[PDB]
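Next up: just one chain, as structure tokens, the form deposited in one PDB entry.
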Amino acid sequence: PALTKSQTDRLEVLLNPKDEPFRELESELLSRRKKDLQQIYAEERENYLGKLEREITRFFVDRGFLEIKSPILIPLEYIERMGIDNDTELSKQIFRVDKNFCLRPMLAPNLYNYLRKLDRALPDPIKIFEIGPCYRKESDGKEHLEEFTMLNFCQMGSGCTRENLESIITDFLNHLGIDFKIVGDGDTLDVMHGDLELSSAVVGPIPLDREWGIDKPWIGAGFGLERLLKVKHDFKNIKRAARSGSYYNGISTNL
């Protein structure tokens, strides 16, 4: 009569935010999910994460930011240089590769290097951004992924005010159609969606800049793309938005 917890878990996997006797309930949902995949295959054919990356890219390129693609595999030394010592949480979340490298847990190091180098060639202000995979060992699984995708944009030189930063964040999220609230937490702000952190943003300069050969004011923010998708598509578990073999655009592939 009553559905078991395992059966309910199975049906929830097949349930989409849009949906309103077990084997019958499962057959119904399976039919609907196959139809959803068939529609995607027939029309759009674009992956949610890939498409969001392209939409975000266009937004920043159009607003004067240079598109950067830097290494995902980085020197372990960069982590130390970011002020991440055995005293912070991140120190234990690092995925090491070999004895001198790791999977980047963030985009800041490579972007610091580009701000420094580009300042020798480009007119002020320097505006750049990168979107790409970042990695962190995590205990949570409902809001955190060990493999995720970050957008980090930044500007250095003129116009690096909290007002400008909040303005870009606002136009960005209103563009994507994602509700948010900017709250305080160098000047550090968090862009929240309810109790979910969409982004951490900062108004420099900060002491850390010296280690990277940076001596100008700057502003920047990092957003997790899977969290943006999660909110936008009303996914309950972030795994539905992740690179995966288990979901395609939020639809279960175990049909």
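Rigid core (definition): largest C-alpha set, two forms, superposition within 1.5 Å. Counting begins at 1, following the sequence as shown. Shifts are known only where both forms have a C-alpha.
Below, we refer to the form deposited in another entry, which is not included among the displayed structures.
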Select from 100, 174, 167, 86 the only position whose Cα moves 2 Å or more between the shown form and the other one when the core is aligned. 86
Core-aligned CA displacement of residue 120 at least 2 Å between the shown form and the other one: no
Using a rigid core superposition, assess whether residue 143 undergoes a CA shift of 2 Å or more between the shown form and the other one. yes
Versus the form shown, are the CA atoms of residue 50 and residue 141 closer or farther apart in the other form, given a shift of 3 angstroms or more? farther
Closer or farther in the other form, the Cα atoms of residue 99 and residue 86, when the shift from this form is 3 Å or more: closer
Core-superposed, runs of 3+ residues with CA shift of 2 Å or more between the shown form and the other one span 85-90, 140-143
